[PDB]
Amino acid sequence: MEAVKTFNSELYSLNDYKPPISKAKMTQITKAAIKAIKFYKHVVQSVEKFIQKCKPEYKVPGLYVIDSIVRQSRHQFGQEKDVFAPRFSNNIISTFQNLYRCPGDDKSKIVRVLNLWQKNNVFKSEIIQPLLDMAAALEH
């Protein structure tokens, strides 16, 4: 799958940069995801695999990838037609378990994204609440 390989290249290329990741790079990754929309399941799988396996400093960049793809898809295809948020929702507990293996000072960045997803109805509130609870439990 050409489009999936192109996306994989953009995503893995995060490893060639020191975080914080630039807007330009995030845009590149996002554009590749959207071009690969026929294979959205493979795109989600690749992002989840990156988050599972990447160095701790890339956890938050990985989350930003999810954020950017989902928000761009909702914009470009419509909030109700977006295939990405529903697909990312499937393994989201797993994803966040992996995300919270970030450095201590990056935990607040994860919660910031969760709060924005809730405020902006990016994901269903039922999905988000356990992810926030996981953040808080880590502080106790």
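Sequential numbering from 1, following the sequence displayed.
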property	result
Given 8-16 and 120-128, the range whose Cα B-factors average higher in the PDB entry	120-128
Third assignment of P86 from its chain's C-alpha B-factors	middle
CA B-factor placement of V113, once the chain's modelled residues are sorted into thirds	lowest
Ranked C-alpha temperature factor of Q76 among modelled chain residues, by third	lowest
Chain-wide C-alpha B factor ranking for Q52, given as lowest, middle or highest third	highest
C102 by Cα B-factor - lowest, middle or highest third of the modelled chain	highest
